[PDB]
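Before any questions on binding or motion, here is one chain by itself as structure tokens, the form deposited in one PDB entry.
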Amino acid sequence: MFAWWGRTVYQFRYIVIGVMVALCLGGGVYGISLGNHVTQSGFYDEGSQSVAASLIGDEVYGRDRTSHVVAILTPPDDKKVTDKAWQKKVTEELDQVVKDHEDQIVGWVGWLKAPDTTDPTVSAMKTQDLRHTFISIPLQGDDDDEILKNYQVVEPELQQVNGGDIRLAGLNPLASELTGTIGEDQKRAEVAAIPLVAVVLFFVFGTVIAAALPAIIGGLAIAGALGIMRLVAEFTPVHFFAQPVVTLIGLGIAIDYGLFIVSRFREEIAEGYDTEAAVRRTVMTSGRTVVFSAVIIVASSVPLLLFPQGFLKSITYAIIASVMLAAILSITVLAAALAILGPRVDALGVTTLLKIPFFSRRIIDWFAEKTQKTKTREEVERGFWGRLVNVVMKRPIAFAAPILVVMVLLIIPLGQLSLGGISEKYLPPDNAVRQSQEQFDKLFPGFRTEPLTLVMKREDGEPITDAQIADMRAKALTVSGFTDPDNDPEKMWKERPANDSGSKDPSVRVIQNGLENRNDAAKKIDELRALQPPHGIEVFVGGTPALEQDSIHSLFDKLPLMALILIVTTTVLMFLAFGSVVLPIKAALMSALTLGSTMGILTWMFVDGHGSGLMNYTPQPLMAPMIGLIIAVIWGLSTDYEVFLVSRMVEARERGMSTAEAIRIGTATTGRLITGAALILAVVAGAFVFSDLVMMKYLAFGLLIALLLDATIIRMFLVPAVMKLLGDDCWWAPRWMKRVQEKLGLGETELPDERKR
């Protein structure tokens, strides 16, 4: 299967480069505008009762646009908001903002529009000290994306009102910054991470062409991934987190996959193999490993398609596209470019600085060339990678328990993990928009309300009568734990306000009430849905707490099945990649341990708050949908690095080496290579840890911790110790499973020919 591809990619090499570079470039050009077709929603269980309630209330009572953007106005100098000179001017400027942008702004409403009024609620829109007033500017639009775009249109002009003495909070001021952090993260990843990646590539290869080829492959992979997701956005909505995940996860993986291909090609050239044989032996082993790693990533990502959150579906699509494209690219285009070049992949290297005499740097050139030279196989067995491997294998209990126990102690802090929703606390505490929102919540309390909503349908389209709502309210009073602002039971569970954008049909009635304590939300929601609906009436329990809690419940209910699918698919793929039954369980146990330790440290840093003052974020409950996301990502990459480490050991064992010899050779041959791959992906991740958005920081830190554990506490001295302890059982698998593997054309994990060279 892979030998045939190794033959044909070298033979048909000038008809691969063109087609599969032109396609990726065209995809990149088509998808540069991916950010113009992203959807901000997707965090909710769209099949749940809360989403149904939200839809029914919105289409019967109208979309509530009163909370879209609020603006706090402060008069200049000392004078109070009652200043008629100030009021006139701010009124006329608001009128200009509305008029000149009528396609984006329904209007503005507030105490400043009717300064001499009598409504207690309207008169509560100004502070007691007569220093601050606020207004609400509804925005024209049918969905959140259109409203956000309109807000972004009006932002520059809405910010010059009152000379600048205006602070914007609300849904869309928050959303604009929650979406601009994505662009800022991408900007840093493009301006800072790329040179560091290109430096690590040069230090792992020592040649500009050899180092550059994986970089070109990774760039092509991300361009094609953006193209594929832009195409996908024409059929189903895609979250705005697709394009960072492609850069954060897809790019590093794509670089690593091509790094392994180029390194193995140069390894076969150094042996003595001509370009054709070097390409074929590179495919049969390195390309097989890369394809297996990509399929493992895909199989560990597809469980996320089982969760209702469209955010997770979009991220899974992005990951699958990027990783499969990287796998295809590294073995088609990179393999045909290496076939075309051959010896020229080591042509323009450190020896170029030497020729130009511009004797310190003169000798430095030679030293840096000797460091990254064409090494030999016998010397890397007696290098650092191999001395460390042997000393660990000598005393393999003393390197396992002192690691196992501390990695369980790292899982210990996972018991305080709490789940939560998105808010302005997802931005750094010194952000202007967060500060404006907190200023609004401090000056004008009781206006930011998240009530639980009882949405009632009548089964026959007849109007709901007053007796039905009276019984529903009477029952809802039999649930303790809901806000009673005026100490009057008859004033609780008031009907939702009706806009002019609602059906107003008398068969649907929505009543709302806040709950005193947020932490009882679920208990109240599980108790509002326990009330007997009155005869005929269908009752739904929605609201922002309901949407959030249903989102958490949907992920808790479908998480064990995610774990089962993860374990079974990845262990079966490991068996087909290794030919052993013992190795897949050994690697799955370590992947589980690495995942547990990473999650424990993440709960330590982001929920418990240790490190929150240094990295400038706020300790808070984690975003519910992203728990499964980061579980899948960490599991996939941990399995990838296990495969990178263990494929060489399996190949050495199939050659005829003993267990210890196979462990030594496998770690030594891939030592600096896995080190460079981890360094590159860590550069990409660390470019994302300075994100303003807390969930991005959490995911990138999880990536970094998983990398460090897998490459420095798992690669060097846990896998060798456990394999030495297992012994000859490491390479065992029943004949009925070897028959299955060999029947598929993937049984070949041994490089048998040993010819020519």
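Residue positions are given as counts along the sequence shown, with the first one as 1. Only the largest set of C-alpha atoms that superpose within 1.5 Å between the two forms is called the rigid core.
Omitted from view is the form deposited in another entry, to which the following refers.
The residue among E450, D526, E184, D274 whose Cα moves by 2 angstroms or more between this form and the one not shown, once the core is superposed, is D274. The rigid-core alignment places the CA of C730 2 Å or more apart between this form and the one not shown. For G579, a C-alpha deviation of 2 angstroms or more is recorded between this form and the one not shown after rigid-core alignment. Core-superposed comparison between this form and the one not shown: the CA of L312 stays below a 2 Å shift.
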